[PDB]
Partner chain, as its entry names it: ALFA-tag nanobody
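Below you will find one chain, with nothing else, as structure tokens; this is the form deposited without the partner chain, and questions on how it binds or moves follow later.
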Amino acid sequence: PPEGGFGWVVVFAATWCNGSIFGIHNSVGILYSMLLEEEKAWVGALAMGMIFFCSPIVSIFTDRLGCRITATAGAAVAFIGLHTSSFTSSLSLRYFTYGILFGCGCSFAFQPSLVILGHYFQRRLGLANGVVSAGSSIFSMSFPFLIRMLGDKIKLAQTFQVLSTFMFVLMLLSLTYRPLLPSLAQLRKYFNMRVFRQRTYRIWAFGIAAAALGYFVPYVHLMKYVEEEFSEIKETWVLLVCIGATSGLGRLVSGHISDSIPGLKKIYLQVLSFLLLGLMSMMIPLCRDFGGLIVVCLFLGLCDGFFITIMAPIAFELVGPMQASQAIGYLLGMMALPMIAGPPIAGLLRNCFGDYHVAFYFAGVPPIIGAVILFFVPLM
């Protein structure tokens, strides 16, 4: 492949996808507040989980139709969802219009964004994925502040209109996904399940799906933990700045260095990104000083980066460019449920003991189990 040229354009488009999806999701809570201030928590998770739960279908549509058509359709559906959100005034139409439309369109627009990078970059696929991931991370962490500032000025409908504008620009950028590689019986044709005929992929996906609960618990619950335990410190934005900076840096660096790792050995990066996190999840209760929290945030971002930034290229390397959309889609589908179920269970455990210690101690285990499971994949 070119490993450059028009590929870089695609990278930009890919970035505009990720940061504009997750970022918008990061704003959901703010939007909820808006609603309350105009009328004086599960739909937000449903819409976000629809990105990964519906990915297996997007994989089929990507193998059959293509990256461009699927991405454009998903972007159009997301635009329509945000549009009808701007128009709807209800608590039942909001659920349908946001979740079923916007999240599904996000899934359809998000699945092909990695397969296209795989189309254009082979030797420098890791670096392109790292660029996309770092840009997406920065944009996602920056979006909610802009949404809050808009809320201070305009109402909810206008905000939904701006989000639909973001989705519109996304769909326009999605047309740069120019194909570069070739492309009851119908039920068995669409669900052949050929990637699950390889032990390496099976065990890799199983480990990644097993790690997700405890992988995602700390990131959601750190802010609440610091707010509860540490009430006498006012510089809480330092934590966010540290996490974001180190996470973007780690994403870029991991994407770069994953290219120099010959074969399946890059899987080892992921284990470390699960090992330390695991261990880190069991030392958050032990932090008595601000500096300890800062160090934990640095390590949290470092662990966050590698996982995603190589999970994409490792998915492309395990099975090949042909069976890459399917592998990515089913990895995402398997991760869909545990990631959503984790933080809820962490909160439930917190409510049953009055402290986050047990929640973090239990969330530190699944990542370690996943790391141990993944450690044995490169050995065969």
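Numbering follows the first chain given and starts at 1. Basically, rigid core = biggest C-alpha set you can superpose within 1.5 Å across the two forms.
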| Quick one: across the other PDB entries of this protein we compared, is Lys189 left without coordinates in at least a third of them? | yes
Between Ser183 and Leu184, the number of deposited residues left without coordinates comes to 10 or more
Counting residues of the deposited sequence that sit between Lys40 and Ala41 but have no coordinates, the total is 10 or more
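Below: the form solved in complex with the partner chain, not depicted.
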Here the chain appears without its partner; judged in the bound PDB entry, the stretch of 224 to 232, 116 to 124, 260 to 268, 135 to 143 with heavy atoms within 4.5 Å of the partner chain is 260 to 268
After a rigid core superposition between the shown form and the other one, the exception among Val319, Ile57, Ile30, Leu65, its Cα shifting by 2 Å or more, is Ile30
| task | Once the core is aligned, please say if the CA of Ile100 is shifted by at least 2 angstroms between the shown form and the other one. | result | no
- Item | Shift of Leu286 between the shown form and the other one at or above 2 Å (CA, core fit) | no
Can a Cα shift of no less than 2 Å be assigned to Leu277 between the shown form and the other one, given superposition on the rigid core? no
Under comparison with the form shown, the C-alpha atoms of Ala341 and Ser33 in the bound PDB entry shift by 3 angstroms or more, placing them closer
Taking the shown form as reference, the Cα pair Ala341 and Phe145 shifts by 3 Å or more in the bound PDB entry and sits farther
